[PDB]
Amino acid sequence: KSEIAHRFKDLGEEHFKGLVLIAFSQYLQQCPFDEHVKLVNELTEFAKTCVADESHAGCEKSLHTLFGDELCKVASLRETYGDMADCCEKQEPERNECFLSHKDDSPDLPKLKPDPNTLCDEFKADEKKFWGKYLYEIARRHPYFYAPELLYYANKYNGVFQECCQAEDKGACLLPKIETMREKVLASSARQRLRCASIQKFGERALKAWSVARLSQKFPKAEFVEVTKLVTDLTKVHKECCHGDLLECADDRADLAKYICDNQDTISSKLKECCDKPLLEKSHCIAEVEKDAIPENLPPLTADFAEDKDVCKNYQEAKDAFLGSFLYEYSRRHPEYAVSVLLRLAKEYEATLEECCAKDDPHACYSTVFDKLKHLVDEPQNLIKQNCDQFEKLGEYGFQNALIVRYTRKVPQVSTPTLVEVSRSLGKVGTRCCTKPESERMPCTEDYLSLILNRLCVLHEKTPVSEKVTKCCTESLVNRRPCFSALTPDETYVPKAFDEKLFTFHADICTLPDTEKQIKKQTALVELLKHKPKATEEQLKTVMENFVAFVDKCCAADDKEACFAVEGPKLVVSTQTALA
């Protein structure tokens, strides 16, 4: 009768406290760590009270009710967060959707530069708080981070500091490990955000479809009804995470991990290795598991979904069940496809049935449906065949630079900091993907774009300025990459007026770290194309060069500032000659 007692019992105090802490850090992103801790314990103490006495006053409230009551006691709330304190005026579930809406997906908080020595002492100073501070720093930065998975990563973090803090040159031991891990974490955020976006913007069934695709690939051996059960459970888990119900999300995720291990036979043979780890490690392992072998001799899809005479009758009888079935069959025997394409394929199959089952001889129309699809599979490979195999010549950094011009021309109205962050990430696919077996590029890249493109839609949808982008993001989820790739620059676009401040540079530029410097450098490329929408392709190879030669002189010459002072106006006036 007490949701909070139940969750404290099911998860135990340590995890309970971490999740609860993750919750605050994700709602109240600009609040300080020591405060949120203050808020975690009393809620923990309170939870202890209702497990002792479950009929005590208030332990029968929902966790949203109880958690939200805490947020609404935050002294600095309207002062720190403003309009968010309006949320406190509402009733559940409205209060919580209001709070959710104020989650900053671009909290513009300070990048964490880790000094191995100053960190390792804190680690040994206090382990558990070290772990907590980790949960906090990542969650505030990714307000939709998959919670139980964040706990897993905090654990992994300590072990890296646990086992690399007894060294001489710690720093040489650490940085590589923590750089690799934070890459995994970035990805993990991007995925969960996509799962969140599908639900909010395309409804539950969009995410179900996605889950069907993923699981049917990994467990091609399992029966469709088995796969369905995993889908609803897993969807509920994500629906819960994406709504802030972290304790319930975590608890349910654990319950799902068990069911899966308890039923390996009907599901997969590659499970035997995961289902023998501790809970967090187990679930991560299950999520990353290798796909099982496809079953032996199976009827072609054409049989049950095209040639058969009763498809419209079967489809009309239970549309979603029937479509899920199609997605099941298609995916289990095609691990090579990206789940993104599979959805694209099923979305198509649905539209034709809608069309054809309405015509006079519906079977005449649909019999050919596998002729339209078998093309949708071919469309993507080419768009992989011109680029990563474009990519080798330019290399990565060059490639990103190639992309900024292309996308900026596509959608110039987009905020610069967005184009930069995005454009960078698209280029990073090559190092990410195109090194892979040429066979598995397509799932990898189509799967990464769906992540990067989502990031774009989520940044844009708040401060919306470009209709083409709204169109591509909003129209469909499966077709976002096609909608965006299909984009062309509009001669309607009126070029951005010149602002010296954009093209002016200071000694700070040299005193920058290597990467951020690129962004500060890449930002300017962005501004030019906004300024000169119809610029050409080779002067850029010269205009950047005078620039790369510019920064070197100044970073070289003695008076670190003076060159910038006199050199700087020169490049603009030269490059402003070359503007035509």
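Note that residue numbering follows the sequence shown and begins at 1.
In this entry, 266-274 shows the higher mean Cα temperature factor of the pair 266-274 and 97-105. A summary of the deposited B-factors shows that, of 54-62 and 524-532, the stretch with the larger mean C-alpha value is 524-532. Comparing the C-alpha B-factors of 129, 142, 309, 374 in the entry, the top value falls on 374.
Within the group 34, 42, 69, 514, the record's highest C-alpha temperature factor is found at 514. In the deposited entry, the Cα temperature factor of residue 541 sits in the top third of values across the chain's modelled residues. Among the modelled residues of the chain, residue 206 sits in the lowest third by CA temperature factor in this PDB entry.
Residue-level temperature factors show residue 244 in the lowest third of its chain, judged at the C-alpha atom.
Looking at the C-alpha B-factors along this chain, the one for residue 416 belongs to the middle third. Sort the modelled residues of the chain by CA B factor and residue 385 lands in the highest third.
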